[PDB]
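To begin, one chain is listed below as structure tokens, in the form deposited in one PDB entry.
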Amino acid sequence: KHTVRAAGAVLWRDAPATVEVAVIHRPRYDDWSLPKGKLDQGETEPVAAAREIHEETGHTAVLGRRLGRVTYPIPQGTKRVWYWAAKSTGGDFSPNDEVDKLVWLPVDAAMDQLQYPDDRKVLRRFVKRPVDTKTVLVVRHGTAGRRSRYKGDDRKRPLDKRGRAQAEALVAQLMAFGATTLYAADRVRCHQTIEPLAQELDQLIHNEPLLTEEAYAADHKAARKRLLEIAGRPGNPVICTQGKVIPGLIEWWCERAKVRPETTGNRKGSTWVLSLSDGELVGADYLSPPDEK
């Protein structure tokens, strides 16, 4: 009944399924499995997955597509593990008492090495779609108090204390996907959400008047074409906008690409990870706000 939250990865490298994936052995359990671990206080699942990859395998990585959820019973209640595809960006494994072996295997061989049926289902998802993906990160701005009850939008209303903390927490989450470039709708609260990331990257935030609530309602087509324009540029863009805009854009793109999101939501501080392969949408993964389950 109590849930223990964890995250892990299919860590891959170049040798389509030409790639090799990492499978680890743990002496405590005598098991062969995918790297994973429990979320620390304040972490979200992507942050934990990236950290655990580095701690268990020695590799840095960039997360891509989400690969589903595993649950199993434990004395504490239920363990829940979300998985990501993760491209290695280098490193070296050193055997130790917690993880004593790491093998790099083609997917078919890794399938045989993995002992847990639900790890094998994660690996089957991994191979269903391309893995060398670029990433568009669509973020609903953080909490920013409430609009006045007179009909309309407020341009300058800032994040509240909670929302500032969400913005700070988003840095590690968005970095986990290799965010490179920053865009925000023409509202203060949208810029403030990604300001911490902007400081981390030392990047400017490109202002997007076409992506506000009012602009989307006046001209949804221009908003859609702007999203595609941004997505088409080199790098992995973060686009921070508003609640009336995101569901429509995501639904539209998923529908025309025939992509099924495994989770849905639209909470302030949430992120949609849109995975692209040669311009085609291949994944749409809704991440909860950093301070919500």
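Rigid core here is just the name for the largest C-alpha set that superposes within 1.5 Å across the two forms. Only residues modelled in both forms are compared. Residue positions are given as counts along the sequence shown, with the first one as 1.
- Notably, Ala17 is an intermittent gap: at least a third of the other compared entries of this protein, restricted to those modelling both its neighbours, have no coordinates for it.
- Judged by mean Cα B factor in the deposited record, 88 to 96 ranks above the other of 188 to 196 and 88 to 96.
- Higher mean CA temperature factor between 221 to 229 and 235 to 243: 221 to 229, per the PDB entry.
- The PDB entry assigns the greatest CA B-factor among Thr212, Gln166, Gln203, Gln115 to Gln203.
- For the set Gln41, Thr263, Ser33, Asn266, the PDB entry puts the maximum C-alpha B factor at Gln41.
- The PDB entry assigns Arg146 a C-alpha temperature factor belonging to the highest third of its chain's modelled residues.
- Among the modelled residues of its chain, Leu174 has a C-alpha B-factor that falls in the lowest third according to the deposited record.
- When the modelled residues of the chain are ordered by C-alpha B-factor, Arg162 sits in the middle third.
- Per the PDB record, residue ranking by Cα B-factor puts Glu20 in the middle third of the chain.
- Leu281: CA B factor lies in the highest third for its chain, per the PDB record.
Keep in mind that the form deposited in another entry is not shown, yet the notes after this line are about it.
- Here the two forms are overlaid on the core, and between this form and the one not shown the C-alpha of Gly77 is the only one among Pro209, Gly145, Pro106, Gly77 to shift by 2 Å or more.
- In the other entry, the Cα-Cα separation between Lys151 and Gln192 shrinks by 3 Å or more relative to the displayed conformation.
- Legend note: Cα of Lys156 to Cα of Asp153 is at least 3 Å closer in the other entry than in the depicted form.
- Core-based superposition between this form and the one not shown shows that the consecutive residues, three or more at a time, whose C-alphas shift by 2 angstroms or more lie in 75 to 77, 149 to 153.
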